[PDB]
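Residue numbers (full-length UniProt numbering), protein chains in the order written: chain W, 13 to 99; chain H, 47 to 175; chain Y, 305 to 450; chain Z, 14 to 128; chain G, 596 to 740; chain F, 36 to 377; chain A, 28 to 123; chain S, 42 to 250.
Backbone N, C-alpha and C fix where the C-beta goes; we use that ideal spot for every residue, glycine too.
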Amino acid sequence: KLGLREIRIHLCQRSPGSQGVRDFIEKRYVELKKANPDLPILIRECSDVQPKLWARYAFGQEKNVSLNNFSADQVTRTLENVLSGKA
Amino acid sequence: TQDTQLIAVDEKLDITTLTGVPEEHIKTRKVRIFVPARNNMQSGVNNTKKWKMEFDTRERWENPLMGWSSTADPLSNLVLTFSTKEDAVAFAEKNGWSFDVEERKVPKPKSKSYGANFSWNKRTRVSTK
Amino acid sequence: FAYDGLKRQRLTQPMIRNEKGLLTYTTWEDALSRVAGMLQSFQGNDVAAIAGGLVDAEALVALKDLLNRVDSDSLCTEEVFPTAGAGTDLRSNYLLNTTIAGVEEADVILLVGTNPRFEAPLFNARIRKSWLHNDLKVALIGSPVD
Amino acid sequence: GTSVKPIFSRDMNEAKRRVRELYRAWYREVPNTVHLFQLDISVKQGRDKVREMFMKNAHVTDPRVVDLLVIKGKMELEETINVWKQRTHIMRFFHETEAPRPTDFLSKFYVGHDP
Amino acid sequence: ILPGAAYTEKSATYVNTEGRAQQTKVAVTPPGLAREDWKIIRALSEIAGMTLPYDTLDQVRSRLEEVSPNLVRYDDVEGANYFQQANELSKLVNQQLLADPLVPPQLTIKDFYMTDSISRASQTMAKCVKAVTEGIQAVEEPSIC
Amino acid sequence: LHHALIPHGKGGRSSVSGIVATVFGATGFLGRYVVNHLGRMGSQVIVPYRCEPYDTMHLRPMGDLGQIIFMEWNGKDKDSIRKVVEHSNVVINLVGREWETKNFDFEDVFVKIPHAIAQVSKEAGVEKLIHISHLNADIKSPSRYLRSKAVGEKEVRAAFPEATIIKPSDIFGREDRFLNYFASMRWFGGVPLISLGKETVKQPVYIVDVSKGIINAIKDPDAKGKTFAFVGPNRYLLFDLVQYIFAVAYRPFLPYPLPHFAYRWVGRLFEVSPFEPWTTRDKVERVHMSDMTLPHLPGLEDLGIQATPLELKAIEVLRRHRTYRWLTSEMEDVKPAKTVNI
Amino acid sequence: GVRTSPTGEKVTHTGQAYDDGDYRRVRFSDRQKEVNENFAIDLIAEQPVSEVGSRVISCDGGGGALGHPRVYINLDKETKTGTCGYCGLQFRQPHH
Amino acid sequence: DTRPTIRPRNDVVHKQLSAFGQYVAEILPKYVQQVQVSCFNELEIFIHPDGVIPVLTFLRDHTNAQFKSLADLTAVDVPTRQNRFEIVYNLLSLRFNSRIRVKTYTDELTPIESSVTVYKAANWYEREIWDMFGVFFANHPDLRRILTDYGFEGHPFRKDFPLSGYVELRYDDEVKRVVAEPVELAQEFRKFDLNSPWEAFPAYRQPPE
Ligand SMILES: NC(=O)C1=CN([C@@H]2O[C@H](COP(=O)(O)OP(=O)(O)OC[C@H]3O[C@@H](n4cnc5c(N)ncnc54)[C@H](OP(=O)(O)O)[C@@H]3O)[C@@H](O)[C@H]2O)C=CC1
Ligand SMILES: [Zn+2]
């Protein structure tokens, strides 16, 4: 029942800590969307924001991992685990 | 700097317990720190120079006898004036008022040229004067 | 001048339907209990929401949270935006990226399927300001609206 | 400057000492207040009110604020002892006429717009 | 029917066409038993047993921050990037264009005045529509003082 | 709700409570407290009075400007009831008299006047009627007072079926005629009591509890058609109660067993007074009677009120009866009287 | 003129009268509602229009310093009358 | 004098007061921060709060000052200052037929020295300043409220204290006494924005930020 409803990716345009997620969105987000066409992947950038991934599951349950100073490979692993169980 | 028996104190000044303000009108109020906008009806700028502290407006109802505007908000008319934003935020903080302060909006400089009204090849030329 | 409408046709009290099928004033507790009873009997796609054009973000997020509590994701707006491709995922897909101040710096503007004069009067005023001083060039796809 | 001058107490322990002296004085005064003003309350009620008035300011950490609170408390005690206050003044600590205001979100939502 | 507050009766966040969040402040309170909208929804959630985790405007605004952080950056326009990602995602939908000409909903000024519920309840907007559609003698008023 | 009846403010004197109340019997003991509680929250109070207007002056500072309206009325005239009732959304019936007069007997004030008020209120379309009967009201009572109270309950429910009947026990307060009645027995030597008062058990209730309960019954949507018993928290044998009253007042307490027949003769002798009889046969009968227990009735705790004990509010009533010797004594110098329970 | 409400309440010159369900009418019971019966609009409507022979006329309300601030009224519109914005007196050019 | 409307300026008294201000500043450099003379010939001495007793005693006792009378002692609240309270001493010299103003400053938590030892008149003025502004005066013989009701909370003359305060009084018939309740106004005070958007006095124009 507790399937995944949506994910929110928060980041910053200039801060060096959001650079891995910026690279991930640049090179991997389009494939993630082609593989998950109905999943809301809401990418919201805001200045001086620590990178954070949100996952909203069934019945309003959300959990956020922190993506600060993540490499693009680490954000890819973090989204893979979220989107496929393990987390 | 002087013989006053300087005692170490924290830099979080809190005079809320001494102001005599009821507790409802400290935690639940929200003051606004701003430079008032210029009244668009006039072109005078002398009222947009100081910082203002205003409280959030509460309910005003109609008096059953005369139809007057009644209130139960003691701070409905309280308006403080400050020279800088920093003074206003310090005053709000030591009084324990939650605040939101907005940056002062000043007119941007503009390039005014009377001779543009008679331009040879620009749209700035006026059709009437 | 539309603040005149803020004094007319105003909703002032909670209303429910009487046994004759007509809207009648009632207490907040009664109406809210009716809605809550209907809320906790349906879930998922059985409960949905439509947001009008004058709704704040606080109410929007509150209603979204409430509908998510019953596992409903059908939180819609009246105004359609293309949800295909990126859809709403990228914020740049659905907003004025040049900003209102940015049309002054533009060399040429293209207007597609819009009447900015009545859709967004002050944005159109900025376009005319840049047309006047910056000699902005304007093109339009749509009706030859003035 | 970086530091400030004290009212009386150069430290928090001195402020606590004066607070305890004031609390002692108020606690001993309460029975005489109940008898003299012909209050319809009990001495336990009055001393619990004194304690609850003291407990409102328990969060204060500035020794100067504590000193001024002690000064105002001694002023109030002297108004009570010298019978400068009337019965109405002593009974104003107990808001007997004011109705119980709501506290939870729902009742406040029901009765009006105030947070 | 749940009577809510109009935009002049609440402190409320509105995001404009370029993306900057701005907040109103209440000028008056809602009339009668009308209430702030997020408070109506929070009360309904508590009555339903699904109480939302905010009892205050600051708390609902921090919730807004959790959902989309730009929604609390008042007066600031946050830049949004990845137009190229959106453009390469938009090329998979291969939908066609109708032959229908692009016609705006508002072609003349008479279509401007009456657009939302507040301006449909406005008698000034009605007078404006009447003056536009018929002429100058339609709406009359003695401006004699 | 009519637009002028929407509550506004914060529940203070200048607020609007949405209540428009006509308080019949507002110039009495119970009346001055419900009028005060209504004017506290900013209610529109209509005061029907038949007394000299000088006798209504204590009610004038009870509400904001315009919120207390005084109007002449005649208990034997339906037009006056209609006049004072037309614009109210709640009617409170508080008229009563512990003695019969040459113009108003118990049937008039407890049957005819309440039925007239209920029927006129129903016709005029007031949403709420609160009627104040007695706890001990009984169609086979030894008291004319209580028999008429039962008849009046019947008549009020017949005329106004949505009415809230409230049945208090012997209400005590600063001007109660219950604690002052027993404290006034020091003027005739000792305290005469039928069977020494060892067979009578009382459950008195505090006046502020009754008034707050009436207000809460007004505000409670589930009080229509309901009957409430407003009893106190403790039950007392009449001997123990009167002993405690005299101990608190500090007067010497020397009771003696006046029989029932001699006490009725005493009451008959007092009825001759044409100004507020000190006691009557009916009062003698109702004092000697025990309060009934009605566990099936909702009470002051079903309206959200904790009943105040006598041993908490008796000093504010009896400190006037103390001599100069004991005028400034604490409330706890007298231990609480023994309580009989169920 | 001063009219009557459907409830019988007298309607003032500002057009005020409580509706049939308004509890506030209880204030007038055993009393009266104070209404000034001289409606100024109907009174100024009764005054004639002066046929002054000029394009601009001046009006100070009569009585010189005891009237109102002196104002000048244009009388060029031949359909309307020029009326004083202080006291309501009307002026017009002779017979157009 | 062909200017019957303008107030006449008296330069002799201006010079005399200027010279005496220089004199006072020179004699007490330890406490005098600033001295100035108004256009209407009023001399003010701005001092450090520590110099209240020394400066006041000098002005009272010096044979060239002889300011024997304390005309007034009051406070002024200026919230935009960190030391919001401005303490004003108005002194009169009968011997030289002159007046002088002495001003210092304090905040909510710093005590000003009591000047009752200099002027016996200061006893009630300092109590009134404490009552209406909350300024503590150390070593005051009897400091307590003077003007406000017993048990009154707050200091009303502070600029952030509301005009009608927080509590009302009325007689309550249930409890048989006068009670205090949160203030409700049947007609709230109507705030007027009167200041003109145009500058009135160019000579007082503050330099731009
Ligand atoms: N007090 C108690 O212990 C108990 C009281 N009750 C009931 O509570 C209600 C109020 O009691 P309480 O306030 O103590 O009584 P009071 O006798 O003190 O007041 C009675 C009220 O009724 C009015 N009244 C009495 N007779 C008439 C009449 N013939 N015509 C017009 N008005 C009349 C009085 O007006 P005026 O003063 O002008 O005569 C007065 O306003 C009564 O219904 C009573 O029976 C029930 C149980 C116990
Ligand atoms: Zn005129």
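Based on Cα-Cα distance, which residue from the options lies nearest to residue i?
| i | options | result |
| --- | --- | --- |
| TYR130/S | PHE99/S, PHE137/S and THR115/S | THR115/S |
| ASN269/F | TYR241/F, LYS259/F, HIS295/F and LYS247/F | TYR241/F |
| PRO223/S | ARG75/F, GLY224/F, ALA297/F and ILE377/F | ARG75/F |
| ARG106/H | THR15/Z, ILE20/Z, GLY125/Z and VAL17/Z | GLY125/Z |
| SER447/Y | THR703/G, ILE642/G, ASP711/G and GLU660/G | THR703/G |
| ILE249/F | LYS261/F, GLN238/F and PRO239/F | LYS261/F |
| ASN419/Y | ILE445/Y, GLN347/Y, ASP350/Y and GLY391/Y | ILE445/Y |
| residue 22/F | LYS29/Z, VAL78/Z, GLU109/Z and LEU49/Z | Past the edges of chain F, shown from 36 to 377, lies residue 22/F, and the structure says nothing about it. |
| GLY28/A | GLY89/A, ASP103/A, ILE100/A and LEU70/A | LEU70/A |
| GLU74/W | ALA99/W, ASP50/W, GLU43/W and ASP85/W | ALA99/W |
| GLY208/F | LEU40/F, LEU65/F, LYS370/F and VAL51/F | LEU65/F |
Does the Cβ of residue i have 16 or more other Cβ atoms within 10 Å, making it buried, or fewer, making it exposed?
| i | result |
| --- | --- |
| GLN77/S | exposed |
| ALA198/F | buried |
| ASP393/Y | buried |
| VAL144/F | buried |
| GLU57/H | exposed |
| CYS86/F | exposed |
| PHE178/S | buried |
| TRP332/Y | buried |
| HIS122/A | exposed |
| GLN79/F | buried |
Residues bridged to residue i by DSSP?
| i | result |
| --- | --- |
| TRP107/H | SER116/H |
| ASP146/H | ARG78/H |
| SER77/A | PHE118/A |
| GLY599/G | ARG630/G |
| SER139/S | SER134/S |
| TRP66/W | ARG20/W and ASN76/W |
| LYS37/A | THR31/A |
| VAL219/S | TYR212/S |
| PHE61/S | Paired residue(s): none; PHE61/S is not in a bridge. |
| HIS72/Z | Paired residues: none, contrary to the question. |
Any heavy atom of ligand 4 closer than 6 Å to the beta-carbon of residue i?
| i | result |
| --- | --- |
| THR316/Y | Annotation note on ligand 4: not contained in the displayed structure, which lists ligand 1 and ligand 2 as its ligands. |
(request) Taking 8 Å as the threshold, find out whether the region 64-72 of chain W comes into contact with the region 18-34 of chain W through three or more Cβ pairs. (result) yes
(message) Going residue by residue through the region 185-271 of chain F, where are the continuous alpha helix (DSSP H) segments of at least 4 residues, counting only ones entirely within it?
(response) 214-218 and 242-254
(message) What ranges does the alpha helix (DSSP H) occupy inside the region 378-450 of chain Y, keeping only unbroken runs of at least 4 residues that lie completely in it?
(response) 420-423 and 425-436
(message) Measuring CB atoms only, is the region 125-143 of chain H touching the region 96-108 of chain H, in the sense that at least three cross pairs come out at less than 8 Å?
(response) yes
(message) Runs of 4 residues minimum, wholly inside the region 284-314 of chain F: which ones carry the alpha helix (DSSP H) assignment?
(response) 295-305
(message) Check whether the region 263-276 of chain F and the region 323-343 of chain F are in contact - that is, three or more C-beta pairs closer than 8 Å.
(response) yes
(message) To test your reading of the DSSP string, which unbroken alpha helix (DSSP H) runs of 4 or more residues are found completely within the region 311-364 of chain Y?
(response) 332-343
(message) Threshold first: 3 residues or longer. Then list the beta strand (DSSP E) segments lying entirely within the region 105-178 of chain S, N to C.
(response) 110-118, 126-134 and 139-147
(message) So, does the region 90-99 of chain Z touch the region 68-75 of chain Z, judging by three or more C-beta pairs under 8 Å?
(response) no
(request) Flag this pair as touching only if the region 335-348 of chain Y and the region 104-115 of chain Z have three or more C-beta atom pairs under 8 Å; answer yes or no. (result) no
(message) Using 8 Å as the cut-off, can you tell me whether the region 159-170 of chain S makes contact with the region 138-151 of chain S, which would need three or more C-beta pairs spanning the two stretches below that distance?
(response) With the cut-off at 8 Å, the region 159-170 of chain S and the region 138-151 of chain S do not touch.
(request) Only counting runs of 4 or more residues, tell me where the alpha helix (DSSP H) segments fall wholly within the region 49-135 of chain F, in order along the chain. (result) 64-75 and 113-120
(message) Under 8 Å, with one C-beta from each stretch per pair, do the region 145-159 of chain H and the region 688-708 of chain G reach the 3-pair mark?
(response) Output reads no: the region 688-708 of chain G does not touch the region 145-159 of chain H.
(message) Check whether the region 151-160 of chain H and the region 104-120 of chain H touch, using three or more Cβ-Cβ pairs below 8 Å as the test.
(response) no
(message) Under 8 Å, with one C-beta from each stretch per pair, do the region 705-722 of chain G and the region 427-437 of chain Y reach the 3-pair mark?
(response) no
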